[PDB]
Structure formats: C-alpha cells, structure tokens
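Encoded as structure tokens, the structure appears first; notes follow it.
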Amino acid sequence: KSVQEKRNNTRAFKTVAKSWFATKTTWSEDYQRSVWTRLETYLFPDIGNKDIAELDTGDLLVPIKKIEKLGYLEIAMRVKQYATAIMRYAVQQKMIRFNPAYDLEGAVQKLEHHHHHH
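Mind the numbering: the sequence shown is residues 1 to 118 in the deposited numbering, read in order.
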C-alpha cells in the first residue's frame, strides 16, 4: 500500500529516532553526537528498516542483546535508555501499543514471551 503513501517507509524507527534526535538538545553537542553515532551503528541496522508497529519485545532485544554480549554493559544500558525514550515517543505517535522495554519485567529470560512453548 506504500505506493499510495507519500513515503514507503514511514513511522520507521530510524525516522522516529531522527525526530527524537531533532527534538533533543538537552545533552551536550559533543556527547549527543556520540549518542547519535551509537544509535546509527547499533540501534538502527535491525529495527530502523522495520515498521516499529510490528516491532516485538524480541525485535528490540536483538540490538540490545547485540550490545549486551558485545562486552559493553554501560553502552547497552544507555542505549536501553535512549530506546526507552524513543519508545515513549513512539507510543505518543501511536506506533506501538506499549513499550516492550517497560513491558518485559525480565520475567522471560529469552526473546520470547513464554518460558514454555506449550
């Protein structure tokens, strides 16, 4: 249906995070650039090309887990918070029902919503 839309990939994480970045000047110019650079490299490749409306807790856990097992916990936790802020903005734009980052209490130790498949 995106042919009738003015832009095929709309409401996508990269565009939304772009808007979020454009609405952020709270951090310092240098540090925030570093923030953006880490978003560009880690928190964009997977989810940025996906329609965030269908982005599952697992989908977002992919880039998170990517950094988690990258050996940089601080980076992962900070990207976790960056994403959390963007997800908050995402709900406000009705893109997602709830924040998967808030939804997952850490109940499931996997990327799935169930411990037992059946």
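All residues carry an ideal CB built from backbone N, CA and C; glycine is no exception.
Own chain, CB closer than 7 Å to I52, minus 5 neighbours either side, in chain order
Residue 52 sits at position 52 when you count from the first residue of the sequence shown. These residues qualify, in order along the chain: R11, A12, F13, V16, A90, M95, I96.
In this structure, does DSSP put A12 in helix, strand or coil?
Walking along the sequence shown from the start, residue 12 turns up at place 12. Strand, per DSSP.
Let's see if you can read the secondary structure: which residues bound the alpha helix (DSSP H) around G48?
Taking the first residue of the sequence shown as position 1, residue 48 is located at position 48. Per DSSP, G48 belongs to no alpha helix (DSSP H) and is neither H nor E.
Boundaries (first-last residue) of the alpha helix (DSSP H) holding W27:
The residue labelled residue 27 in the question sits at position 27 within the sequence shown. Careful: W27 lies outside any alpha helix (DSSP H) and carries neither H nor E.
Report the rounded CA-to-CA distance for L70 versus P63, giving the unit in angstroms.
What you label residue 70 is simply residue 70 of the sequence shown in a count that begins at 1. What you label residue 63 is simply residue 63 of the sequence shown in a count that begins at 1. C-alpha separation (whole angstroms): 10 Å.
Give me, in chain order, the residues of the same chain whose beta-carbon lies closer than 6 Å to that of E29; leave out the 5 immediate sequence neighbours on both sides.
What you label residue 29 is simply residue 29 of the sequence shown in a count that begins at 1. Hits under 6 Å: none found.
Look at the Cβ atom of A83, then the Cβ atom of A107, and state whether they are nearer than 8 Å.
Stepping through the sequence shown from its first residue, residue 83 is reached at position 83. Stepping through the sequence shown from its first residue, residue 107 is reached at position 107. No. Outside cutoff.
State buried or exposed for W27, treating a residue as buried only when at least 16 other CB atoms are found within 10 Å of its CB.
Residue numbering aside, residue 27 sits at position 27 when the sequence shown is read from its first letter. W27 is exposed by the Cβ-count criterion.
Do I86 and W36 count as a contact pair if the criterion is CB distance below 8 Å?
Taking the first residue of the sequence shown as 1, we reach residue 36 at position 36. Taking the first residue of the sequence shown as 1, we reach residue 86 at position 86. Going by C-beta atoms, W36 is not nearer than 8 Å to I86.
Can you give me the start and stop residues for the alpha helix (DSSP H) that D103 sits inside?
Your numbering for residue 103 matches position 103 in the sequence shown. First-last of the alpha helix (DSSP H) with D103: 100-103.
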